[PDB]
Amino acid sequence: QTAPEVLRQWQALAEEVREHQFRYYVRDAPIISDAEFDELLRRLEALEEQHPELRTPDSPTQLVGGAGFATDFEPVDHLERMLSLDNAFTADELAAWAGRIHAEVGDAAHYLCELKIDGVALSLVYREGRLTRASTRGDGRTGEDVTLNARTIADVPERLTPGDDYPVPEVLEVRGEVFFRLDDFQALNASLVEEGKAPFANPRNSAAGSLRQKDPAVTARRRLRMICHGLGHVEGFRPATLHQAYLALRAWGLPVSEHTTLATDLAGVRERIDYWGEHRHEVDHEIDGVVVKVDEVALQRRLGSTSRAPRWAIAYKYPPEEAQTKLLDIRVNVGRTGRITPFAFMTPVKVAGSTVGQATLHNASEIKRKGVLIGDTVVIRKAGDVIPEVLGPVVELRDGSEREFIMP
């Protein structure tokens, strides 16, 4: 089941189900007819079962959790739009985009190539250099006031270091991606295990949970990472190309990356796409693909966007590196030095194209302190890209009828 455009039937549905889930729960102000029961949830739920590989811990069709500021979160207001990205097929053309530029750019534009990571969208608001609000995505228009929780730095300053050609804008709204580092996602995943909560599945969900804490003391201890990857509303600034915006974005002391090339033309654009995907695996934190933006600010407003995504950028996206499947039995395997290795056998899954059911656990302590037990539902990363791994179990799936490991 290698999904071709099935992801386009799913990404634009699921994420279009969070919108109303925000509005309904977070606002007491729903926009469409149904509630409690939808409609799209529904044609979504049915789709996820068949084609079954689209399931994720953070899908709104196996989730419900509110809640309301403690602070965990209550509604703010994004200064500008706050929209998604159109998707380049895994795999292929594309160019339909770069030739859509034929239209009204004048094929002499300039493409910005940035790495598109996994994590929670985070818009930040800095008035006169003082960070005021910092909120989640919401429904694009308005989001959850997570300011106190993100204030707990360490990548996101309270202030903007001034002067020497980048005078702090009267108002600056940047927008970026909060994430956990791959290794010390795991170094927390076990550090707890219990003591209140449970182990997280992916760092994609780990980053969400830690952001939305009630006590900001909790989130001041977990690290979290911040990488600013675009502009929202602006007053008394705005560049002329995006980079330009990024020299400024560190002059002021905001976490930028990458790994950003530019990228004179479509040839150098596949030069990076085909470079990552091959090289995508070997980095600090998970990257779903490559996001390509036309450098010159004018051309962007000149091409314009819609209320779904901009016309001036496509998100090129590699095969998904994780999936969710049921850990049927960790049996064993034997080799040549001192130890046998607890190979975890599960039900089949299509991740990174290849269908696999043979994800690994290195050692005794490796196991256990990942919170896994025979019968559990598990998430597996194609982290090599070779031998599959296991990030964590999704505990909210109870059953209670499945238990600890042994073997002597």
# chains A, B, ... in the order shown; residues from 1 in each chain; ligands from 1
call {"tool": "residues_around", "arguments": {"residues": "residue 202 (chain A)", "least_positions_apart": "5", "cutoff": "8 Å", "atoms": "only C-alpha atoms", "output": "ChimeraX atom specification"}}
result
/A:57,379,391-392
call {"tool": "select_by_dssp", "arguments": {"residues": "region 241-322 of chain A", "states": "helix (DSSP H, G or I)", "output": "list in words"}}
result
residues 245, 246, 247, 248, 249, 250, 251, 266, 267, 268, 269, 270, 271, 272, 273, 280, 281, 282, 297, 298, 299, 300, 301, 302 and 303 of chain A
call {"tool": "residues_around", "arguments": {"residues": "residue 2 (chain A)", "least_positions_apart": "4", "cutoff": "9 Å", "atoms": "only C-alpha atoms", "output": "CSV table (one decimal) with N, CA and C atoms, in the first residue's frame"}}
result
chain,number,residue,atom,x,y,z
A,53,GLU,N,-2.3,2.7,6.4
A,53,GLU,CA,-1.0,3.2,6.8
A,53,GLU,C,-0.9,4.7,7.1
A,350,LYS,N,3.8,-0.6,5.8
A,350,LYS,CA,4.4,0.1,4.7
A,350,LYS,C,4.9,1.4,5.2
A,351,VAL,N,6.2,1.5,5.5
A,351,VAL,CA,6.9,2.7,5.8
A,351,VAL,C,8.1,2.8,5.0
A,352,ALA,N,8.4,4.0,4.5
A,352,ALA,CA,9.5,4.2,3.5
A,352,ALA,C,9.4,3.3,2.3
A,353,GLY,N,8.2,3.0,1.8
A,353,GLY,CA,8.0,2.2,0.6
A,353,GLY,C,7.9,0.7,1.0
A,354,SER,N,9.1,0.2,1.4
A,354,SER,CA,9.2,-1.2,1.8
A,354,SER,C,8.2,-1.5,2.9
A,355,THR,N,7.5,-2.6,2.8
A,355,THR,CA,6.7,-3.1,3.9
A,355,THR,C,7.5,-4.0,4.9
call {"tool": "residues_around", "arguments": {"residues": "residue 182 (chain A)", "least_positions_apart": "3", "cutoff": "9 Å", "atoms": "only C-alpha atoms", "output": "list in words"}}
result
residues 185, 186, 203, 283, 284, 285 and 286 of chain A
call {"tool": "write_last_selection", "arguments": {"atoms": "N, CA, C and O atoms", "output": "CSV table (one decimal), in the first residue's frame"}}
result
chain,number,residue,atom,x,y,z
A,185,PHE,N,14.8,13.2,22.9
A,185,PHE,CA,13.3,12.8,22.9
A,185,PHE,C,13.3,11.6,23.7
A,185,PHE,O,12.5,11.4,24.6
A,186,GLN,N,14.2,10.6,23.4
A,186,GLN,CA,14.3,9.3,24.0
A,186,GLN,C,14.8,9.4,25.5
A,186,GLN,O,14.4,8.6,26.3
A,203,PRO,N,8.5,12.0,18.6
A,203,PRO,CA,8.9,13.3,19.1
A,203,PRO,C,7.9,14.4,18.5
A,203,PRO,O,7.8,15.4,19.1
A,283,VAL,N,20.4,13.2,10.3
A,283,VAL,CA,20.5,14.4,11.1
A,283,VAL,C,19.7,14.4,12.5
A,283,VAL,O,18.8,13.6,12.7
A,284,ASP,N,20.2,15.3,13.3
A,284,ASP,CA,19.6,15.6,14.6
A,284,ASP,C,18.1,15.4,14.9
A,284,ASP,O,17.7,15.2,16.1
A,285,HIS,N,17.3,15.5,13.9
A,285,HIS,CA,15.9,15.5,14.0
A,285,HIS,C,15.2,15.3,12.7
A,285,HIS,O,15.6,15.6,11.7
A,286,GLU,N,14.0,14.7,12.8
A,286,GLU,CA,13.2,14.2,11.7
A,286,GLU,C,12.8,15.2,10.7
A,286,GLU,O,12.3,16.3,11.0
call {"tool": "closest_atom_pairs", "arguments": {"of": "region 264-335 of chain A", "to": "region 115-137 of chain A", "cutoff": "8 Å", "atoms": "only C-alpha atoms", "output": "CSV"}}
result
residue,atom,partner,partner_atom,distance
A:285,CA,A:117,CA,7.7
A:286,CA,A:118,CA,5.8
A:287,CA,A:117,CA,4.2
A:288,CA,A:117,CA,5.8
A:289,CA,A:116,CA,5.3
A:290,CA,A:115,CA,4.7
A:291,CA,A:116,CA,5.5
A:315,CA,A:116,CA,7.7
call {"tool": "atom_distance", "arguments": {"atom1": "CA of residue 138 (chain A)", "atom2": "CA of residue 75 (chain A)"}}
result
7.9 Å
call {"tool": "select_by_dssp", "arguments": {"residues": "region 253-325 of chain A", "states": "strand (DSSP E or B)", "output": "MDAnalysis selection string"}}
result
chainID A and resid 287:294 296 305 310 313:317 322:325
call {"tool": "residues_around", "arguments": {"residues": "residue 232 (chain A)", "least_positions_apart": "6", "cutoff": "7 Å", "atoms": "only C-alpha atoms", "output": "list in words"}}
result
residues 80, 173, 174 and 175 of chain A
call {"tool": "residues_around", "arguments": {"residues": "residue 362 (chain A)", "least_positions_apart": "4", "cutoff": "7 Å", "atoms": "only C-alpha atoms", "output": "ChimeraX atom specification"}}
result
/A:341-342,366
call {"tool": "residues_around", "arguments": {"residues": "residue 184 (chain A)", "least_positions_apart": "2", "cutoff": "10 Å", "atoms": "only C-alpha atoms", "output": "JSON, numbers by chain"}}
result
{"A": [180, 181, 182, 186, 187, 188, 189, 190, 191, 203, 222, 223, 224, 284]}
call {"tool": "write_last_selection", "arguments": {"atoms": "N, CA, C and O atoms", "output": "PDB file, in the first residue's frame"}}
result
ATOM      1  N   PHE A 180      11.528  18.355  19.368  1.00  0.00           N
ATOM      2  CA  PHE A 180      12.492  17.673  20.238  1.00  0.00           C
ATOM      3  C   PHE A 180      13.619  17.083  19.422  1.00  0.00           C
ATOM      4  O   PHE A 180      13.375  16.545  18.331  1.00  0.00           O
ATOM      5  N   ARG A 181      14.844  17.157  19.945  1.00  0.00           N
ATOM      6  CA  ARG A 181      15.986  16.478  19.316  1.00  0.00           C
ATOM      7  C   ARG A 181      15.912  14.956  19.484  1.00  0.00           C
ATOM      8  O   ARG A 181      15.654  14.454  20.592  1.00  0.00           O
ATOM      9  N   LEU A 182      16.133  14.243  18.375  1.00  0.00           N
ATOM     10  CA  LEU A 182      15.875  12.798  18.265  1.00  0.00           C
ATOM     11  C   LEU A 182      16.330  11.981  19.475  1.00  0.00           C
ATOM     12  O   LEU A 182      15.548  11.208  20.046  1.00  0.00           O
ATOM     13  N   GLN A 186      14.211  10.639  23.398  1.00  0.00           N
ATOM     14  CA  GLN A 186      14.301   9.315  24.022  1.00  0.00           C
ATOM     15  C   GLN A 186      14.828   9.393  25.452  1.00  0.00           C
ATOM     16  O   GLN A 186      14.381   8.643  26.326  1.00  0.00           O
ATOM     17  N   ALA A 187      15.773  10.306  25.677  1.00  0.00           N
ATOM     18  CA  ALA A 187      16.355  10.513  26.995  1.00  0.00           C
ATOM     19  C   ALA A 187      15.364  11.148  27.984  1.00  0.00           C
ATOM     20  O   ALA A 187      15.683  11.346  29.160  1.00  0.00           O
ATOM     21  N   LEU A 188      14.170  11.481  27.501  1.00  0.00           N
ATOM     22  CA  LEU A 188      13.086  11.917  28.366  1.00  0.00           C
ATOM     23  C   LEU A 188      12.063  10.797  28.439  1.00  0.00           C
ATOM     24  O   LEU A 188      11.573  10.458  29.519  1.00  0.00           O
ATOM     25  N   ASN A 189      11.773  10.223  27.274  1.00  0.00           N
ATOM     26  CA  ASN A 189      10.789   9.157  27.102  1.00  0.00           C
ATOM     27  C   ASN A 189      10.927   8.048  28.141  1.00  0.00           C
ATOM     28  O   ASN A 189       9.951   7.373  28.479  1.00  0.00           O
ATOM     29  N   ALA A 190      12.150   7.876  28.635  1.00  0.00           N
ATOM     30  CA  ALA A 190      12.459   6.904  29.669  1.00  0.00           C
ATOM     31  C   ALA A 190      12.628   7.595  31.016  1.00  0.00           C
ATOM     32  O   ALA A 190      12.164   7.082  32.039  1.00  0.00           O
ATOM     33  N   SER A 191      13.291   8.755  31.011  1.00  0.00           N
ATOM     34  CA  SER A 191      13.496   9.551  32.228  1.00  0.00           C
ATOM     35  C   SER A 191      12.215   9.676  33.044  1.00  0.00           C
ATOM     36  O   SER A 191      12.253   9.583  34.269  1.00  0.00           O
ATOM     37  N   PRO A 203       8.544  12.003  18.555  1.00  0.00           N
ATOM     38  CA  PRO A 203       8.911  13.319  19.055  1.00  0.00           C
ATOM     39  C   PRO A 203       7.946  14.381  18.531  1.00  0.00           C
ATOM     40  O   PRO A 203       7.805  15.435  19.146  1.00  0.00           O
ATOM     41  N   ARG A 222      12.353  20.125  30.204  1.00  0.00           N
ATOM     42  CA  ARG A 222      12.523  19.519  28.869  1.00  0.00           C
ATOM     43  C   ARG A 222      13.112  20.607  27.967  1.00  0.00           C
ATOM     44  O   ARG A 222      12.882  21.793  28.201  1.00  0.00           O
ATOM     45  N   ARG A 223      13.876  20.224  26.951  1.00  0.00           N
ATOM     46  CA  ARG A 223      14.609  21.239  26.188  1.00  0.00           C
ATOM     47  C   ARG A 223      13.755  21.952  25.134  1.00  0.00           C
ATOM     48  O   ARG A 223      13.598  23.184  25.185  1.00  0.00           O
ATOM     49  N   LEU A 224      13.207  21.192  24.188  1.00  0.00           N
ATOM     50  CA  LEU A 224      12.483  21.764  23.048  1.00  0.00           C
ATOM     51  C   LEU A 224      13.426  22.580  22.179  1.00  0.00           C
ATOM     52  O   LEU A 224      14.393  23.166  22.657  1.00  0.00           O
ATOM     53  N   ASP A 284      20.197  15.320  13.331  1.00  0.00           N
ATOM     54  CA  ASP A 284      19.620  15.627  14.646  1.00  0.00           C
ATOM     55  C   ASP A 284      18.140  15.390  14.909  1.00  0.00           C
ATOM     56  O   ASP A 284      17.749  15.157  16.060  1.00  0.00           O
TER      57      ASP A 284
END
call {"tool": "atom_distance", "arguments": {"atom1": "CA of residue 253 (chain A)", "atom2": "CA of residue 157 (chain A)"}}
result
7.4 Å
call {"tool": "closest_residue", "arguments": {"among": "A:322, A:334, A:230, A:30", "to": "residue 201 (chain A)", "atoms": "only C-alpha atoms"}}
result
A:322
